[PDB]
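When you line the sequence shown up against the deposited numbering, it's residues 68 to 110, 113 to 204, 212 to 265, 278 to 438, 502 to 515, 564 to 575, 624 to 636, 713 to 752, 822 to 832, 842 to 863, 900 to 930, 936 to 966, 1010 to 1017, in that order.
Following: one structure in structure tokens, then a few remarks.
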Amino acid sequence: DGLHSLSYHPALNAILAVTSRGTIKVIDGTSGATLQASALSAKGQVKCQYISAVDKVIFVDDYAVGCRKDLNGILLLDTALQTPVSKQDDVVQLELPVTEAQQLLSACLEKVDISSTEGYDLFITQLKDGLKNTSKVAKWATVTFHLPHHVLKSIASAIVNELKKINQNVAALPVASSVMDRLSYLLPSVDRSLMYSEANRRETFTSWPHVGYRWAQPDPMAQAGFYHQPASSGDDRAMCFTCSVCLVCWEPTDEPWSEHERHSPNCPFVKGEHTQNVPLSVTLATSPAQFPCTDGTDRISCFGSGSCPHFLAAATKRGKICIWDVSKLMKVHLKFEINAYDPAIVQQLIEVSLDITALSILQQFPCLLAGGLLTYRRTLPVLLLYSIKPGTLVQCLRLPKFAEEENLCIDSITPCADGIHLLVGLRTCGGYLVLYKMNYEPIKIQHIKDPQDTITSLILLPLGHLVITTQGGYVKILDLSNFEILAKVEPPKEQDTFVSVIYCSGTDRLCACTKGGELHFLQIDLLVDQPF
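Next comes the structure, spelled out in structure tokens:
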């Protein structure tokens, strides 16, 4: 069929390929066997790129940017790009693992009596068929509820209430708790009952006074089930969401788990039982998508990331640029406006419009480096140094003079593989590769003339290394020190041109993807005899 793009998860052992159909195929990296075929409920090209520095899987469709973390060695991809609903009557989509689905079904038929709930049959009917159809593919199999927000939320809450009522700890309670939290997140429109999720507990520690401790930090305590409910100024009050234990006057050497067990061994959570806890792993692995614009009306043009492990950036066709603090809950960190009539740009030009087309953030003061094509009527690709820590153009760097008349636009911007350097590529609106030294004119230049050698990918292996895929279908594994081609592998069978490539850090074998849809793996005296 064809893939048209690829990405790989190093923490996992999964190849995440895009499809021309809009789906994602997860394949085994050791045998080439399909692991799952899931649609992200997306709305143009679809991005699936995993970002190593941030250590999360970033999906992007034309409109929204979703951010999903790994869970149980698998990715919940059925609603990666699904965005929050606006009415409780809206039909929400919620994916669950096959095993967790079995727990929910088992609870409904044996343990609890939440039957007769509005649309209970549809929930049960949908759940049952998912398990039967899904009955390594099994490990990645998932079941997707398609129900009105109120129906699923009411059903999940009843299960939680009933599972809490019966008090017999079963695996459905944490799953139902996760469902309730995920539904709450999908409708954005201290209470102890709201501490069943680690994130809510984590948020409670916003006024934690012992931030200087090593293990008594806000997030570690939330992991152990504790939330901050201060009673006075500087009160280090940590209470468990379920145990009811109360702990005060913490010390630098205290550790969440140690205190909870010693102070209350009877807690179901300390013992690892099936409490109402919703860990951060499911929360990060099931967070809803987020539109970059405040309204989401536009199309997405940029999805670049940066070497900083706390930030991701995106740009819109209307000029609105969003920056997420992908750290933890992907909170939007800074949204600013791009005006072509800027003091730096209007002078560097010696009618006017500005369009951003590439994004990147530099880390060893943090700066947002976007790539754009300006169209006045002539056009000029330039660099734009904006502020992150806001909305101020520190420096606009005009690219060489020849770009003014050659009608070129930046297509990719990546920090050097070794560091303290930046490699940018320029293609026609047959290309240019320009290397900048990060500015704590370029230091190197390269021009690509052959129309069949235009770059179509970039991995920037550890000037480190480079791996590209040309228009002719030849990947040109190469070293950036002096632009030395290391290996020009050729397309298989007419020729099926290589279109992109990725490196499997879990197998040490390079992985290439063709336009046609094929996968190829590329590789990159005796003491006994002496006296005692």
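Backbone N, C-alpha and C fix where the C-beta goes; we use that ideal spot for every residue, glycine too.
Beta carbon of residue i nearer than 8 Å to that of residue j
i, j, result
"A104", "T90", "yes"
"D139", "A740", "no"
"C566", "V414", "no"
"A252", "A232", "yes"
"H744", "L900", "yes"
"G959", "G69", "yes"
"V747", "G570", "yes"
"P628", "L510", "no"
"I944", "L223", "no"
"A428", "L573", "yes"
"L513", "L630", "no"
"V904", "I856", "no"
"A377", "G113", "no"
"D324", "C334", "no"
"residue 16", "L144", "The requested residue 16 is not part of the displayed model; the chain covers only 68 to 1017."
"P380", "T404", "yes"
Counted within 10 angstroms of its Cβ, other Cβ atoms place residue i as buried (16 or more) or exposed
i, result
"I736", "buried"
"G714", "exposed"
"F1017", "exposed"
"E169", "buried"
"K156", "exposed"
"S395", "buried"
"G142", "exposed"
"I966", "exposed"
"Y832", "exposed"
"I922", "exposed"
"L1012", "exposed"
"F329", "buried"
Length of the line joining the Cα atoms of residue i and residue j
i, j, result
"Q311", "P367", "7 Å"
"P843", "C410", "28 Å"
"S121", "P397", "8 Å"
"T86", "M283", "40 Å"
"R258", "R290", "16 Å"
"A326", "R280", "12 Å"
"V420", "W412", "4 Å"
"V167", "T203", "7 Å"
"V370", "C355", "22 Å"
"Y119", "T218", "21 Å"
"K359", "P340", "24 Å"
"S175", "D130", "36 Å"
"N365", "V161", "22 Å"
"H298", "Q515", "29 Å"
"residue 1024", "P153", "Any answer about residue 1024 is impossible in this case: the structure gives the chain only from 68 up to 1017."
Residues sharing a beta bridge with residue i, DSSP
i, result
"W303", "Answer is none; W303 lacks a bridge partner."
"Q965", "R951"
"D506", "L572"
"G748", "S735 and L825"
"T371", "Bridge partners of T371: none, in fact."
"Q103", "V93"
"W412", "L400 and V420"
"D916", "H902 and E921"
"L513", "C566"
"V366", "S285"
Residue i Cβ short of 7 Å to the ligand ZN heavy atom set
i, result
"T330", "Among the components modelled here there is no ligand, and therefore nothing to report on the ligand ZN."
**OP:** Taking only runs that begin and end inside the region 307–357, name each unbroken beta strand (DSSP E) of 3 or more residues, in chain order.
**Re:** 314–316 and 326–328, all fully within the region 307–357.
Original post:
Which runs of the alpha helix (DSSP H), 4 residues or longer, sit entirely within the region 133–202?
Top reply: Those alpha helix (DSSP H) runs which fall completely within the region 133–202 and span 4+ residues are 167–175.
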